[PDB]
$ cat entry_4.cif   # mmCIF, C-alpha atoms and all ligand atoms
data_query
#
loop_
_atom_site.label_atom_id
_atom_site.label_comp_id
_atom_site.auth_asym_id
_atom_site.auth_seq_id
_atom_site.Cartn_x
_atom_site.Cartn_y
_atom_site.Cartn_z
CA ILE A 1 -4.65 -11.70 -14.71
CA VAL A 2 -6.37 -12.49 -18.02
CA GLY A 3 -8.84 -15.43 -18.09
CA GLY A 4 -8.63 -16.01 -14.36
CA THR A 5 -11.17 -16.35 -11.55
CA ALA A 6 -11.51 -14.86 -8.08
CA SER A 7 -9.40 -16.41 -5.35
CA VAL A 8 -10.94 -17.62 -2.06
CA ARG A 9 -9.72 -16.09 1.17
CA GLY A 10 -6.43 -17.65 2.41
CA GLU A 11 -5.80 -19.50 -0.88
CA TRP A 12 -2.39 -17.87 -1.68
CA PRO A 13 -1.10 -16.86 1.74
CA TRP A 14 2.39 -15.96 0.44
CA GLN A 15 0.92 -13.37 -1.99
CA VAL A 16 1.40 -9.78 -0.93
CA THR A 17 0.33 -6.46 -2.39
CA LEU A 18 3.03 -3.78 -2.34
CA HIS A 19 1.49 -0.31 -2.00
CA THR A 20 2.79 3.18 -2.40
CA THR A 21 1.36 5.86 0.00
CA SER A 22 1.58 9.00 -2.22
CA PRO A 23 -0.66 10.72 -3.06
CA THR A 24 -3.13 8.02 -1.89
CA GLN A 25 -3.21 4.26 -1.14
CA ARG A 26 -2.34 2.44 -4.40
CA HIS A 27 -1.17 -0.98 -5.39
CA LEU A 28 2.21 -1.00 -7.06
CA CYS A 29 3.22 -4.69 -7.59
CA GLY A 30 2.78 -8.19 -6.26
CA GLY A 31 5.31 -10.08 -4.17
CA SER A 32 5.83 -13.29 -2.22
CA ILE A 33 6.64 -13.97 1.42
CA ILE A 34 9.76 -16.15 1.42
CA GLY A 35 10.99 -15.62 4.99
CA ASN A 36 9.81 -13.84 8.13
CA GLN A 37 11.33 -10.54 7.07
CA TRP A 38 11.69 -11.17 3.31
CA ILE A 39 9.58 -10.46 0.21
CA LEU A 40 10.66 -11.58 -3.27
CA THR A 41 9.46 -9.40 -6.15
CA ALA A 42 10.47 -7.82 -9.52
CA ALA A 43 13.14 -5.18 -10.00
CA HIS A 44 11.16 -3.25 -12.65
CA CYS A 45 8.49 -2.34 -10.06
CA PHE A 46 10.95 -0.02 -8.40
CA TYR A 47 11.59 2.67 -10.96
CA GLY A 48 10.89 5.94 -9.22
CA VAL A 49 11.00 4.24 -5.84
CA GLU A 50 13.58 6.52 -4.26
CA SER A 51 13.25 5.40 -0.63
CA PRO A 52 11.81 2.28 1.03
CA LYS A 53 9.87 4.68 3.32
CA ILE A 54 7.04 5.10 0.73
CA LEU A 55 6.31 1.34 0.70
CA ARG A 56 3.76 -0.71 2.60
CA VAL A 57 3.56 -4.50 2.30
CA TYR A 58 0.08 -5.99 2.94
CA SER A 59 -0.38 -9.65 3.61
CA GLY A 60 -3.56 -11.67 4.15
CA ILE A 61 -5.48 -9.53 1.66
CA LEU A 62 -8.03 -10.88 -0.76
CA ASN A 63 -9.71 -7.60 -1.82
CA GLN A 64 -7.97 -4.20 -2.20
CA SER A 65 -11.14 -2.64 -0.66
CA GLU A 66 -10.26 -4.34 2.68
CA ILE A 67 -7.33 -1.95 2.99
CA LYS A 68 -8.52 0.30 5.85
CA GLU A 69 -6.63 2.93 7.84
CA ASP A 70 -6.24 0.44 10.68
CA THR A 71 -5.17 -2.52 8.44
CA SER A 72 -1.77 -3.85 9.50
CA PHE A 73 1.15 -3.67 7.10
CA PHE A 74 4.91 -4.15 7.08
CA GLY A 75 7.28 -1.29 6.54
CA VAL A 76 10.27 -1.90 4.26
CA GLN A 77 13.78 -1.43 5.76
CA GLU A 78 15.67 -2.05 2.49
CA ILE A 79 15.13 -2.59 -1.27
CA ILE A 80 17.76 -4.91 -2.78
CA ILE A 81 17.75 -4.93 -6.61
CA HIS A 82 19.92 -7.35 -8.60
CA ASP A 83 23.02 -5.37 -9.68
CA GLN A 84 22.91 -6.73 -13.20
CA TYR A 85 19.30 -5.54 -13.73
CA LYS A 86 18.79 -3.10 -16.70
CA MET A 87 15.30 -3.98 -18.02
CA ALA A 88 12.75 -6.84 -17.71
CA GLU A 89 13.38 -8.08 -21.31
CA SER A 90 17.15 -8.52 -20.53
CA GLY A 91 16.63 -10.54 -17.34
CA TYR A 92 17.83 -10.19 -13.72
CA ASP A 93 14.29 -8.96 -12.97
CA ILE A 94 14.42 -9.74 -9.23
CA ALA A 95 14.44 -7.80 -5.99
CA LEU A 96 14.19 -8.44 -2.22
CA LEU A 97 12.43 -6.34 0.35
CA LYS A 98 13.74 -6.61 3.91
CA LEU A 99 10.87 -5.85 6.27
CA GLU A 100 11.14 -3.53 9.32
CA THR A 101 9.27 -6.07 11.49
CA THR A 102 8.70 -9.82 11.47
CA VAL A 103 5.72 -11.48 9.78
CA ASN A 104 3.85 -13.65 12.31
CA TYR A 105 2.75 -16.65 10.28
CA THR A 106 -0.95 -17.61 10.23
CA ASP A 107 -3.38 -19.34 7.88
CA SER A 108 -3.76 -15.92 6.11
CA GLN A 109 0.02 -15.17 5.72
CA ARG A 110 2.87 -17.65 5.43
CA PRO A 111 5.94 -18.31 3.26
CA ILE A 112 6.28 -20.19 0.00
CA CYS A 113 9.19 -22.62 -0.41
CA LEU A 114 11.97 -21.69 -2.83
CA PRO A 115 12.68 -24.36 -5.48
CA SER A 116 15.48 -26.75 -4.61
CA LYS A 117 18.62 -26.40 -6.79
CA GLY A 118 18.26 -30.21 -6.81
CA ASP A 119 14.76 -29.63 -8.23
CA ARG A 120 15.95 -27.80 -11.38
CA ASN A 121 15.11 -31.18 -13.07
CA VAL A 122 11.52 -31.50 -11.81
CA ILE A 123 8.63 -31.10 -14.24
CA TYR A 124 5.84 -29.06 -12.68
CA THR A 125 2.32 -29.73 -13.97
CA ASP A 126 0.25 -27.66 -11.51
CA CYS A 127 1.26 -24.00 -11.85
CA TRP A 128 -0.78 -20.87 -11.07
CA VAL A 129 -0.19 -17.16 -11.62
CA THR A 130 -1.97 -14.79 -9.20
CA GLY A 131 -2.47 -11.04 -8.90
CA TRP A 132 -4.61 -7.86 -8.86
CA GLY A 133 -3.46 -6.88 -12.36
CA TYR A 134 -5.43 -5.96 -15.47
CA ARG A 135 -7.96 -8.48 -16.97
CA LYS A 136 -7.21 -7.11 -20.49
CA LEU A 137 -4.65 -4.77 -22.10
CA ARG A 138 -6.64 -1.58 -21.39
CA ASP A 139 -8.03 -2.02 -17.88
CA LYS A 140 -7.29 -1.18 -14.26
CA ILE A 141 -6.11 -2.88 -11.06
CA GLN A 142 -8.64 -5.42 -9.76
CA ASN A 143 -10.27 -5.47 -6.38
CA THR A 144 -10.26 -9.29 -5.86
CA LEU A 145 -7.05 -11.32 -6.16
CA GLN A 146 -7.32 -13.40 -9.35
CA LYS A 147 -5.83 -16.80 -10.17
CA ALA A 148 -5.12 -18.67 -13.42
CA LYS A 149 -3.66 -22.14 -14.05
CA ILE A 150 -1.03 -21.97 -16.81
CA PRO A 151 1.32 -24.63 -18.26
CA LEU A 152 5.08 -24.20 -18.23
CA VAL A 153 6.63 -23.90 -21.74
CA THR A 154 10.15 -25.20 -22.50
CA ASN A 155 12.86 -22.59 -22.92
CA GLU A 156 13.38 -23.86 -26.52
CA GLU A 157 9.66 -23.40 -27.36
CA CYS A 158 9.58 -19.98 -25.67
CA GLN A 159 12.62 -18.87 -27.66
CA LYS A 160 10.69 -19.90 -30.88
CA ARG A 161 7.82 -17.60 -29.75
CA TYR A 162 10.16 -14.59 -29.12
CA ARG A 163 12.59 -14.94 -32.05
CA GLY A 164 13.83 -11.34 -31.59
CA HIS A 165 14.71 -11.74 -27.88
CA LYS A 166 17.23 -13.73 -25.94
CA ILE A 167 15.24 -16.13 -23.70
CA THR A 168 17.79 -17.31 -21.15
CA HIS A 169 17.74 -20.17 -18.68
CA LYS A 170 17.33 -17.43 -16.00
CA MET A 171 13.79 -16.95 -17.45
CA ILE A 172 10.89 -19.40 -17.46
CA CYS A 173 7.81 -19.11 -19.73
CA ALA A 174 4.23 -20.16 -19.20
CA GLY A 175 1.16 -20.03 -21.43
CA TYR A 176 -1.27 -21.86 -23.69
CA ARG A 177 -0.56 -22.13 -27.41
CA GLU A 178 -4.01 -20.64 -28.13
CA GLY A 179 -3.59 -17.88 -25.50
CA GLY A 180 -6.43 -16.90 -23.17
CA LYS A 181 -4.83 -17.02 -19.71
CA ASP A 182 -1.83 -14.93 -18.62
CA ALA A 183 -0.49 -12.32 -16.25
CA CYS A 184 -0.90 -8.65 -17.19
CA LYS A 185 0.02 -5.06 -15.95
CA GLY A 186 -0.16 -4.90 -12.14
CA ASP A 187 0.63 -8.62 -11.70
CA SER A 188 4.41 -8.15 -11.93
CA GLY A 189 6.45 -9.11 -8.93
CA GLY A 190 3.90 -11.70 -7.90
CA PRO A 191 4.34 -15.47 -7.88
CA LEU A 192 4.16 -18.26 -10.44
CA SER A 193 3.44 -20.99 -7.80
CA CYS A 194 3.68 -24.72 -8.62
CA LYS A 195 2.49 -27.63 -6.45
CA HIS A 196 4.82 -30.63 -6.34
CA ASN A 197 4.23 -33.56 -3.98
CA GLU A 198 1.77 -31.51 -1.91
CA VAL A 199 4.21 -28.59 -1.47
CA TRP A 200 3.96 -25.25 -3.21
CA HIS A 201 7.18 -23.86 -4.71
CA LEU A 202 7.96 -20.34 -5.97
CA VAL A 203 8.98 -21.18 -9.51
CA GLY A 204 8.67 -17.78 -11.15
CA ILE A 205 8.28 -14.04 -10.61
CA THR A 206 5.86 -12.32 -13.03
CA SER A 207 8.05 -10.20 -15.38
CA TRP A 208 7.01 -9.44 -19.03
CA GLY A 209 5.44 -10.60 -22.31
CA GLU A 210 4.26 -9.37 -25.73
CA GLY A 211 0.81 -8.08 -24.76
CA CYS A 212 -1.41 -10.22 -22.52
CA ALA A 213 -2.77 -13.74 -23.17
CA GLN A 214 -2.07 -13.61 -26.91
CA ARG A 215 -1.87 -16.78 -29.01
CA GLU A 216 1.74 -18.15 -29.05
CA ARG A 217 3.06 -15.39 -26.73
CA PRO A 218 3.75 -17.02 -23.36
CA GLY A 219 4.30 -14.94 -20.27
CA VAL A 220 7.96 -14.56 -19.28
CA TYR A 221 8.91 -14.99 -15.60
CA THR A 222 12.12 -14.76 -13.58
CA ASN A 223 13.27 -18.41 -13.10
CA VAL A 224 13.65 -18.36 -9.29
CA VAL A 225 15.70 -21.60 -9.09
CA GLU A 226 18.52 -19.77 -10.95
CA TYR A 227 18.59 -17.14 -8.21
CA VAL A 228 18.51 -19.26 -5.07
CA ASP A 229 22.27 -18.55 -4.51
CA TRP A 230 21.72 -14.76 -5.04
CA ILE A 231 18.76 -14.83 -2.59
CA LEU A 232 20.87 -16.61 0.05
CA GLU A 233 23.71 -14.14 -0.48
CA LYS A 234 21.40 -11.23 0.27
CA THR A 235 19.27 -12.79 3.04
CA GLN A 236 22.04 -14.69 4.89
CA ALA A 237 24.79 -11.95 4.73
CA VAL A 238 27.06 -11.82 7.81
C1 LIG B 301 6.64 4.14 -19.25
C2 LIG B 301 7.44 2.88 -19.52
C3 LIG B 301 8.77 2.86 -18.80
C4 LIG B 301 6.62 1.63 -19.23
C5 LIG B 301 6.58 1.11 -17.81
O1 LIG B 301 6.39 1.85 -16.85
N1 LIG B 301 6.70 -0.23 -17.75
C6 LIG B 301 5.90 -1.18 -17.06
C7 LIG B 301 4.86 -0.86 -16.19
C8 LIG B 301 3.91 -1.83 -15.86
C9 LIG B 301 2.92 -1.59 -14.78
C10 LIG B 301 2.12 -0.45 -14.85
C11 LIG B 301 1.24 -0.14 -13.82
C12 LIG B 301 1.21 -0.91 -12.66
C13 LIG B 301 0.41 -0.38 -11.50
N2 LIG B 301 0.50 -1.01 -10.32
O2 LIG B 301 -0.37 0.53 -11.68
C14 LIG B 301 1.95 -2.09 -12.60
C15 LIG B 301 2.79 -2.43 -13.65
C16 LIG B 301 3.47 -3.74 -13.53
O3 LIG B 301 4.67 -3.75 -13.02
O4 LIG B 301 2.91 -4.73 -13.88
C17 LIG B 301 3.98 -3.09 -16.47
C18 LIG B 301 5.02 -3.43 -17.32
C19 LIG B 301 5.04 -4.75 -18.07
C20 LIG B 301 4.01 -4.67 -19.20
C21 LIG B 301 3.89 -5.99 -20.01
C22 LIG B 301 5.14 -6.27 -20.87
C23 LIG B 301 2.64 -5.76 -20.88
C24 LIG B 301 2.75 -5.41 -22.23
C25 LIG B 301 1.65 -4.93 -22.93
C26 LIG B 301 0.43 -4.81 -22.30
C27 LIG B 301 0.29 -5.20 -21.00
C28 LIG B 301 1.38 -5.69 -20.29
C29 LIG B 301 3.71 -7.16 -19.03
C30 LIG B 301 3.13 -8.33 -19.50
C31 LIG B 301 3.06 -9.47 -18.70
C32 LIG B 301 2.56 -10.76 -19.34
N3 LIG B 301 1.82 -10.70 -20.53
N4 LIG B 301 3.00 -11.92 -18.90
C33 LIG B 301 3.61 -9.42 -17.41
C34 LIG B 301 4.15 -8.25 -16.92
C35 LIG B 301 4.23 -7.11 -17.72
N5 LIG B 301 4.84 -5.95 -17.23
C36 LIG B 301 6.00 -2.47 -17.57
#
$ encode --input "entry_4.cif" --output "structure tokens"
Amino acid sequence: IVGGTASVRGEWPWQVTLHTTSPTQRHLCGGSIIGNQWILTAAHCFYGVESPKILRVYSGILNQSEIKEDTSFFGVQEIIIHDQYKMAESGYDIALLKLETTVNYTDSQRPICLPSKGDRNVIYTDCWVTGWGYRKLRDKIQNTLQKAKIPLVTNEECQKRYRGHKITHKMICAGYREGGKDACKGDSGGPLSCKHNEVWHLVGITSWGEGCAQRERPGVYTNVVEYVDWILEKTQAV
């Protein structure tokens, strides 16, 4: 996160850190708890992820340094990547992780509501991007979970900012005209969370952008509302 500040413990209880175990304990991507055995994240995070066996999902974490040998985690039973996914810049940058065990909800770990298809018309004015990603282009993964408040940008305005790309309605952009606050490397897969009528909704999944926090280059996110049907298809399969 560029231009963010440290989160307080329990502030974003749906935020998870997805780790890889080889050769050592390392953060891979962010993710969001959406159900008691379901994490929503980005498809691009998974290149080179051959088997779900190398994954560990950690919830209720503020600092990466908390991650101890005896820290509880969730194993991943399955990785479900959208079948139309090719690359972040072309969309369909979404994936589900089915957990091996159930998350027991607490003040430190609980789900975020999906947007309502009937909420595709709502205007969110209180949106935050969170993560352990870089604070600048050439950096490293952060210890403390960072947060940044960013305004949503209309699809039409975002398309003006990325004239050489196709910004679809399955993408949502967020950023300040002058730049300064944005997601960056390591933040992908994590949430773009918006508060509406006292309820937090998972509006976006951190995906891509042209650099980080640049003037007139908003961050591009997977527009979760456009995937509610896909999510239900995968999570509610008979
Ligand atoms: C070798 C090639 C195949 C490259 C490859 O591997 N791609 C790849 C790998 C990573 C990556 C690497 C390591 C770790 C880890 N955990 O160490 C985690 C990640 C991670 O997923 O974030 C990231 C991306 C992009 C980068 C991008 C566009 C960007 C462009 C320019 C500079 C910085 C960032 C960006 C911008 C914004 C924003 N400004 N809103 C949001 C998301 C992203 N994500 C692609």
$ atom_distance --input "entry_4.cif" --atom1 "atom CA of residue 214 of chain A" --atom2 "atom CA of residue 178 of chain A"
7.4 Å
$ residues_near_ligand --input "entry_4.cif" --ligand "ligand LIG 301 (chain B)" --cutoff "7 Å" --atoms "all atoms listed in the file" --output "list in words"
residues 27, 28, 29, 44, 45, 133, 137, 141, 182, 183, 184, 185, 186, 187, 188, 189, 206, 207, 208, 209, 210, 211, 212, 213, 218, 219 and 220 of chain A
$ atom_distance --input "entry_4.cif" --atom1 "atom CA of residue 123 of chain A" --atom2 "atom CA of residue 42 of chain A"
23.8 Å
$ residues_around --input "entry_4.cif" --residues "residue 61 of chain A" --least-positions-apart "5" --cutoff "10 Å" --atoms "all atoms listed in the file" --output "list in words"
residues 9, 10, 12, 13, 15, 16, 17, 66, 67, 71, 108, 109, 144 and 145 of chain A
$ closest_residue --input "entry_4.cif" --among "A:83, A:229, A:50, A:78" --to "residue 97 of chain A" --atoms "all atoms listed in the file"
A:78
$ residues_around --input "entry_4.cif" --residues "residue 172 of chain A" --least-positions-apart "5" --cutoff "7 Å" --atoms "only C-alpha atoms" --output "PDB file with C-alpha atoms, keeping the file's coordinate frame"
ATOM      1  CA  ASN A 155      12.860 -22.590 -22.920  1.00  0.00           C
ATOM      2  CA  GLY A 204       8.670 -17.780 -11.150  1.00  0.00           C
ATOM      3  CA  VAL A 220       7.960 -14.560 -19.280  1.00  0.00           C
ATOM      4  CA  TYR A 221       8.910 -14.990 -15.600  1.00  0.00           C
ATOM      5  CA  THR A 222      12.120 -14.760 -13.580  1.00  0.00           C
ATOM      6  CA  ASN A 223      13.270 -18.410 -13.100  1.00  0.00           C
TER       7      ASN A 223
END
$ closest_residue --input "entry_4.cif" --among "A:112, A:199, A:237, A:129" --to "residue 175 of chain A" --atoms "all atoms listed in the file"
A:129
$ closest_residue --input "entry_4.cif" --among "A:56, A:120, A:217, A:170" --to "residue 93 of chain A" --atoms "all atoms listed in the file"
A:170
$ atom_distance --input "entry_4.cif" --atom1 "atom CA of residue 20 of chain A" --atom2 "atom CA of residue 55 of chain A"
5.0 Å
$ closest_residue --input "entry_4.cif" --among "A:203, A:232, A:122, A:81" --to "residue 46 of chain A" --atoms "only C-alpha atoms"
A:81
$ closest_residue --input "entry_4.cif" --among "A:181, A:98, A:234, A:26" --to "residue 135 of chain A" --atoms "all atoms listed in the file"
A:181
$ residues_around --input "entry_4.cif" --residues "residue 118 of chain A" --least-positions-apart "5" --cutoff "12 Å" --atoms "all atoms listed in the file" --output "PyMOL selection string"
chain A and resi 225-226+228
$ closest_residue --input "entry_4.cif" --among "A:37, A:25, A:116, A:72" --to "residue 200 of chain A" --atoms "all atoms listed in the file"
A:116
$ residues_near_point --input "entry_4.cif" --point "(12.9, -19.2, 2.8)" --cutoff "8 Å" --atoms "only C-alpha atoms" --output "PyMOL selection string"
chain A and resi 34-35+111-114
$ decode --input "entry_4.cif" --residues "segment 49-63 of chain A" --atoms "N, CA, C and O atoms" --output "JSON list (two decimals), in the first residue's frame"
[["chain", "number", "residue", "atom", "x", "y", "z"],
["A", 49, "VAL", "N", 1.67, -22.03, -8.70],
["A", 49, "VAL", "CA", 1.05, -22.77, -7.61],
["A", 49, "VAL", "C", 0.48, -24.03, -8.24],
["A", 49, "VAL", "O", -0.51, -23.99, -8.94],
["A", 50, "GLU", "N", 1.19, -25.11, -8.08],
["A", 50, "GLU", "CA", 0.91, -26.40, -8.71],
["A", 50, "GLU", "C", -0.16, -27.19, -7.98],
["A", 50, "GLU", "O", -1.08, -27.75, -8.60],
["A", 51, "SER", "N", -0.06, -27.16, -6.64],
["A", 51, "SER", "CA", -0.91, -27.88, -5.71],
["A", 51, "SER", "C", -1.38, -26.99, -4.57],
["A", 51, "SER", "O", -0.62, -26.16, -4.07],
["A", 52, "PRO", "N", -2.62, -27.19, -4.09],
["A", 52, "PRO", "CA", -3.05, -26.38, -2.94],
["A", 52, "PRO", "C", -2.29, -26.75, -1.65],
["A", 52, "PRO", "O", -2.37, -26.02, -0.67],
["A", 53, "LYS", "N", -1.56, -27.86, -1.65],
["A", 53, "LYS", "CA", -0.85, -28.34, -0.48],
["A", 53, "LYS", "C", 0.24, -27.40, 0.03],
["A", 53, "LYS", "O", 0.57, -27.45, 1.21],
["A", 54, "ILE", "N", 0.77, -26.51, -0.84],
["A", 54, "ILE", "CA", 1.84, -25.57, -0.46],
["A", 54, "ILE", "C", 1.33, -24.28, 0.19],
["A", 54, "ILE", "O", 2.13, -23.44, 0.63],
["A", 55, "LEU", "N", -0.01, -24.14, 0.25],
["A", 55, "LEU", "CA", -0.67, -22.95, 0.76],
["A", 55, "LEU", "C", -1.07, -23.01, 2.20],
["A", 55, "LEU", "O", -1.46, -24.06, 2.69],
["A", 56, "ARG", "N", -0.98, -21.87, 2.88],
["A", 56, "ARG", "CA", -1.46, -21.70, 4.25],
["A", 56, "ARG", "C", -2.20, -20.36, 4.28],
["A", 56, "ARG", "O", -1.65, -19.32, 3.87],
["A", 57, "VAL", "N", -3.42, -20.37, 4.79],
["A", 57, "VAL", "CA", -4.20, -19.15, 4.93],
["A", 57, "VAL", "C", -4.16, -18.75, 6.41],
["A", 57, "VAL", "O", -4.56, -19.54, 7.27],
["A", 58, "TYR", "N", -3.70, -17.52, 6.70],
["A", 58, "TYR", "CA", -3.66, -16.98, 8.05],
["A", 58, "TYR", "C", -4.64, -15.87, 8.19],
["A", 58, "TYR", "O", -4.62, -14.88, 7.44],
["A", 59, "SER", "N", -5.45, -15.98, 9.22],
["A", 59, "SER", "CA", -6.45, -15.00, 9.56],
["A", 59, "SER", "C", -6.09, -14.42, 10.93],
["A", 59, "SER", "O", -5.28, -15.00, 11.67],
["A", 60, "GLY", "N", -6.67, -13.27, 11.24],
["A", 60, "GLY", "CA", -6.45, -12.59, 12.51],
["A", 60, "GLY", "C", -5.02, -12.12, 12.72],
["A", 60, "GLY", "O", -4.55, -12.02, 13.86],
["A", 61, "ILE", "N", -4.34, -11.79, 11.63],
["A", 61, "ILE", "CA", -2.96, -11.35, 11.65],
["A", 61, "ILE", "C", -2.91, -9.88, 11.37],
["A", 61, "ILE", "O", -3.47, -9.43, 10.36],
["A", 62, "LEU", "N", -2.13, -9.16, 12.20],
["A", 62, "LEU", "CA", -1.86, -7.76, 11.96],
["A", 62, "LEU", "C", -0.45, -7.68, 11.37],
["A", 62, "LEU", "O", -0.26, -7.08, 10.32],
["A", 63, "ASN", "N", 0.53, -8.26, 12.08],
["A", 63, "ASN", "CA", 1.94, -8.24, 11.70],
["A", 63, "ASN", "C", 2.40, -9.60, 11.21],
["A", 63, "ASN", "O", 2.13, -10.61, 11.85]]
